[PDB]
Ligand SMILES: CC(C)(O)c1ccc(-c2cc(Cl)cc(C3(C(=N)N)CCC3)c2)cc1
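Listed next as structure tokens is one chain, alone, in the form deposited without this ligand.
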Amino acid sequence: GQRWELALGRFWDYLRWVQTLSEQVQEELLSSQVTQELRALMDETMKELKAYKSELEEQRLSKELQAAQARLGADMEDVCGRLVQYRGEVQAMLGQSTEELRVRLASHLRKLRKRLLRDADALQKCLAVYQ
């Protein structure tokens, strides 16, 4: 752990589940439910991150720190954004098969997830060299 790490961990595990695009994920994607639960998990992570830095400051780099955290937050909204786009695109098919849409969502989500993980590893390092 580390609190903010454990919160980001819950965001991460929820996202790995969404990636499966199983039947329950799909029901929950056409509802606001997923981007809904994702937002809460994201907000929890940034909250705990904020508190961690405040605490850390009790024991250039700052600027690099704010930006690394900013990337994290933006990766999470890019994920939510893409998940919103799939819903509309599904609505747009008016009933047609969503199989193709899903293969392409999965490919894209994987890349968005790879960026998130690389930015989280980076924020983690900044925090250290500043730990």
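Start at 1 with the first residue shown and count on from there.
The same protein also exists as the form solved in complex with this ligand; that form is not shown, yet it is the one meant from here on.
Blocked or open, judged by overlaying this ligand from its pose in the deposited bound form and testing 2.4 Å from backbone or C-beta atoms: Open, per the superposed partner pose.
Contact of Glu23 with this ligand in the deposited bound form (heavy atom, 4.5 Å): Judged by the heavy-atom cut-off of 4.5 Å, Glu23 is well away from this ligand in the deposited bound form.
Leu6 within 4.5 Å of this ligand in the deposited bound form, heavy atoms: Yes, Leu6 sits close enough to this ligand in the deposited bound form that at least one of its heavy atoms falls within 4.5 Å.
This ligand contact at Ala120 in the deposited bound form, heavy atom, 4.5 Å: Residue-level check for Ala120: yes, a contact with this ligand.
Contact test in the deposited bound form: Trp17 vs this ligand, heavy atoms, 4.5 Å: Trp17 lies outside the contact set for this ligand.
Within 7-34, the residues that have a heavy atom no more than 4.5 Å from this ligand in the deposited bound form: Counting only heavy atoms within 4.5 Å of this ligand in the deposited bound form, the contacting residues of 7-34 are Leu8, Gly9, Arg10, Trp12, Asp13.
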